[PDB]
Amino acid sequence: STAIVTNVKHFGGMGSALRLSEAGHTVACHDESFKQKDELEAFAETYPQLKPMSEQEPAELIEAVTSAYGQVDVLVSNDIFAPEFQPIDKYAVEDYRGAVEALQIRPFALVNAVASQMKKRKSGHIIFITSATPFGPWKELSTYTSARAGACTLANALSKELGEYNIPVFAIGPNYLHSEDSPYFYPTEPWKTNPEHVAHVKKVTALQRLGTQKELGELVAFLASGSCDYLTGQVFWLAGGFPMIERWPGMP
């Protein structure tokens, strides 16, 4: 079928697009950099099994993919934001508005733009790549964490109405997911190269390692395949057993 993966160069983007592509789907890919022809052309040459698009806005993008390939069967809203850790009083309200715009308004805008066509033919799959931080919040990241929570619930809520139209909706919330060259959350440097970071991951996750782009891709492809639509409304915690809670003194 035809799928859309946003911010393809970051977070869960490459893992999702590459695996969906290998499953035989036509993967239209969005990314802020594709605004420039040079950047879109470079990506296209590197990944001929992918279809990079230049469109940036929700409605614009859904329409271009629909016109180019016929329709949008799968939506993978891989949302990202660059937050700063900050005490609640040191943030600017604008800082929270920005987090909400990127992690809640954006996914909502994409579904708002594609829902009608999916509902008319009674088929489609919606997947939000959110975060697991709501399940185990760190101190001083209130804007990002709360925003991601809104996104998770958005997915769960949407599943309730779209189910009638045979449209499953899921939210995959990762943490400690290797992002390779992307700074979006866990790049190879320093997460696989620095001793302190390696030891941190080994302590905080049950599997004692970062999650792989492949694991994420497999999950995305599995859900988009229509192999298990009954999981609609599910919020997945792709966090490898995180969080590992500090035990009493004397316990290793």
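Just count from 1 along the sequence shown to find any residue number.
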Checklist line | 68 to 76 versus 171 to 179 - greater average Cα B-factor per the deposited record | finding: 68 to 76
Next item on the list: Return whichever of 223 to 231 and 43 to 51 has the greater mean Cα B factor according to the PDB record.
Entry: 43 to 51
Notebook entry, point to check: With respect to the C-alpha temperature factors reported in the PDB entry, which of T188, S33, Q213, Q208 ranks highest?
Noted result: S33
Check: Among the modelled residues of its chain, does the C-alpha B-factor of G124 lie in the lowest, middle or highest third?
Finding: middle
Check: Taking the C-alpha B-factors as the PDB entry records them, is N7 in the lowest, middle or highest third of its chain?
Finding: lowest
Next item on the list: Going by the recorded CA B-factors, say which third of the chain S159 sits in, lowest, middle or highest.
Entry: middle
Next item on the list: Ordered by C-alpha B-factor within the chain, which third holds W138? Give me lowest, middle or highest, please.
Entry: highest
Checklist line | Third of the chain, ranked by Cα B-factor, where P243 sits | finding: highest
